[PDB]
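What follows is one chain in structure tokens, specifically the form deposited in one PDB entry.
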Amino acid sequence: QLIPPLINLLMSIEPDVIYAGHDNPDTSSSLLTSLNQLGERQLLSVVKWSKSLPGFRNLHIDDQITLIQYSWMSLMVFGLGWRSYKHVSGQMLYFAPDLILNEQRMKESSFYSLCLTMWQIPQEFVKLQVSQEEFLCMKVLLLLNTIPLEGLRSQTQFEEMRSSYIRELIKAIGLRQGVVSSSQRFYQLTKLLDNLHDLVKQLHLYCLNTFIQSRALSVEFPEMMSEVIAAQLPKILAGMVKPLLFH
């Protein structure tokens, strides 16, 4: 309608809701395994999605692969925030329609602590009242929010691609926002993205530790998920990548 074309395209390429396949007898092991399964399924959707994402397929194949493997985590927790904020007013973590967790289902300490950290996103969503339009644009920026220390092969086309999406976000902010109020809401939304780097870092550490101890904890990791983890997680944890900040 009165909504910009690219934002409309972004909405059309958003995947259908993904189920985890959970049963429900939730042990910590059966819960983590279900979360890795849902992740495996989300990874597939991310990749298929990036192929319709305007501008993405025009970057080097190496670059497409690097950006995906660098951002899967941030993307999955950011979309967790949306679903949570949208279906249960952000007061419950809506991983999937068959895997929604309240405070009672988070028995183990470390696990409840991880959840409390992810919960910050849907809480900001409820607070700033993030829009469907703003969300879609921000999700794309996250895909383009970290690059190799030495840069990307198609760096120029990447920088041009990222600017279009920053301009697109401003368009979505202009849908509801004034000059100072719009300029202020821009500061707010790009600061939120900035704060995700630090947020995703804790999820990474918890993930790699759970992966490395997958035998003991009896927690299974699928093939595609095991690959991105093994291929990029350690490097990222060691801070051997370049985070793109707005502030």
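The term rigid core refers to the maximal set of C-alpha atoms that superpose within 1.5 Å between the two forms. Residue positions are given as counts along the sequence shown, with the first one as 1.
Although it is not shown, the form solved in complex with a partner chain is what the next lines describe.
For residue 37, no non-hydrogen atom is located within 4.5 Å of the partner chain in the bound PDB entry, even though that partner is not displayed. Interface membership of residue 43, defined by any non-hydrogen atom within 4.5 Å of the partner chain in the bound PDB entry, is confirmed. At a distance threshold of 4.5 angstroms between non-hydrogen atoms, residue 190 is out of contact with the partner chain in the bound PDB entry. Under a 4.5 angstroms non-hydrogen atom cutoff, the partner chain in the bound PDB entry has residue 61 among its neighbouring residues. This chain is displayed alone, yet in the bound PDB entry one of 53, 68, 32, 203 has a heavy atom within 4.5 Å of the partner chain; that residue is 68. Note on the partner interface in the bound PDB entry: the residue among 94, 135, 165, 72 having a heavy atom within 4.5 angstroms of the partner chain is 72.
Comparing the two forms between this form and the one not shown on the rigid core, the single residue of 129, 156, 163, 110 with a CA shift of 2 Å or greater is 110. Superposed on the core, the two forms differ at residue 238: its CA moves 2 Å or more between this form and the one not shown.
Shown here is a form in which the CA atoms of residue 235 and residue 205 lie at least 3 Å farther apart than they do in the bound PDB entry. With a change of no less than 3 Å, the CA-CA distance between residue 31 and residue 109 is smaller in the bound PDB entry than in the form shown.
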